[PDB]
Amino acid sequence: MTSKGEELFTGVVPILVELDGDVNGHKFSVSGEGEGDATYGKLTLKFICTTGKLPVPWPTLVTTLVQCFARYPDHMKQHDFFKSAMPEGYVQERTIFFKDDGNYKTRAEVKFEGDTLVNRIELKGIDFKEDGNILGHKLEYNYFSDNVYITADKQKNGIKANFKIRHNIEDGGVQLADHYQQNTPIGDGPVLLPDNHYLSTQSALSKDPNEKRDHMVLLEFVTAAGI
Ligand SMILES: [K+]
């Protein structure tokens, strides 16, 4: 196999996610668990707002809350930066601009802790409208899909990406979220820097009928393409 970290994703891998957030001074934490099967590009995750009521819409946190689980086709194995940085991991940073509203700034570490792939994230949101689509909770909760456009960032021994999410507004149009992303390896080992390509990602959101806490169940597929 073309990286050593690739070998860690051949079977089902357990996942943990920990997020601390602050959006316009509304603080919150989210804890997630589940598993990923990179063979199929398949993620099954469940998140709990551990601070009680989430002050932003669940759909707006999906992209922040493990692209190492992408399915790369055989012909594209040399373009998988994410697995190549494992097990030491990578830093993933974003700015997410919500059109006509505020932005999220995120910093995460994605790495193995024992046998578990752990995503630890700090999120800060500023300049939101208290009655806009985000803090006013005006988004639909269901499904979204888009493409993550990835390019190499050789100067940082990593990658960049950008993409746009169209979040449906309930009885409305969409709320756009323009994402800009950077990833850099945590370790000193060699990594794979890719040619331009994209991750086709579909995120289906649901509720656990036995869960009384504020929560999100996510079923997601992530597939590399474009080469
Ligand atoms: K909502």
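Count residues from 1 along the sequence.
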Self-check item: Side-chain cluster (under 4.5 Å, hydrophobic types only) that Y143 belongs to, other residues
Solution: none

Taking atom types as modelled, find out whether [X] and [Y] have a side-chain donor-acceptor pair closer than 3.5 angstrom.
X: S200; Y: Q202; answer: yes
X: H26; Y: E130; answer: yes
X: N196; Y: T151; answer: yes
X: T2; Y: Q78; answer: no
X: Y180; Y: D178; answer: no

Side-chain heavy-atom pair [X], [Y] within 4.5 angstrom cut-off:
X: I121; Y: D20; result: no
X: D74; Y: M76; result: no
X: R71; Y: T39; result: no

Quiz item: How about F144 and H167: are their ring centroids closer than 6.0 Å?
Solution: yes

Quiz prompt | Sub-6.0 Å ring centroid separation between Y40 and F221 | solution = no

Do you reckon [X] sits in the same ILVMFWY cluster as [Y], going by side-chain contacts under 4.5 Å, direct or chained?
X: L192; Y: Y149; answer: no
X: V118; Y: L65; answer: no
X: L205; Y: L139; answer: no
X: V17; Y: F112; answer: yes

Quiz item: Within 45 degrees of the axis of the six-membered ring of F98 and under 6.0 Å from its centre: does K129 put its NZ or CZ there?
Solution: no

Quiz item: Honestly, is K77 close enough over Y72, meaning NZ or CZ under 6.0 Å from the six-membered ring centre and within 45° of the axis?
Solution: no

Quiz item: Checking side chain to side chain contact (heavy atoms under 4.5 Å, CB included) for the pair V66/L117: CA distance, chi angles, key distance, verdict?
Solution: CA-CA 8 Å; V66 293; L117 189 282; 3.6 Å; yes

Practice problem: Show your working on side-chain hydrogen bond (donor to acceptor under 3.5 Å, both in side chains) between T184 and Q182 and close with a plain yes or no. | Solution: CA-CA 7 Å; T184 50; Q182 305 185 195; over 6 Å; no

Self-check item: Residue list, side chain to side chain contact (heavy atoms under 4.5 Å, CB included) with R94, at least two apart or on another chain
Solution: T63, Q67, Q92, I96, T106, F163, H179, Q181

Quiz prompt | Minimum-distance pair of heavy atoms, taken over all atoms of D115 and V13 | solution = O-CG1, 4.1 Å

Can you confirm whether [X] is buried at [atom1], in the sense that more than 12 heavy atoms of other residues, nucleotides or ligands lie under 6.0 Å from that atom?
X: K27; atom1: NZ; answer: no
X: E122; atom1: CD; answer: no
X: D131; atom1: CG; answer: yes

Before accepting this row, confirm whether a basic side-chain N of the pair [X]/[Y] lies closer than 4.0 Å to the acidic partner's carboxylate O.
X: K160; Y: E93; result: no
X: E211; Y: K46; result: yes
X: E113; Y: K111; result: yes
X: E109; Y: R107; result: yes

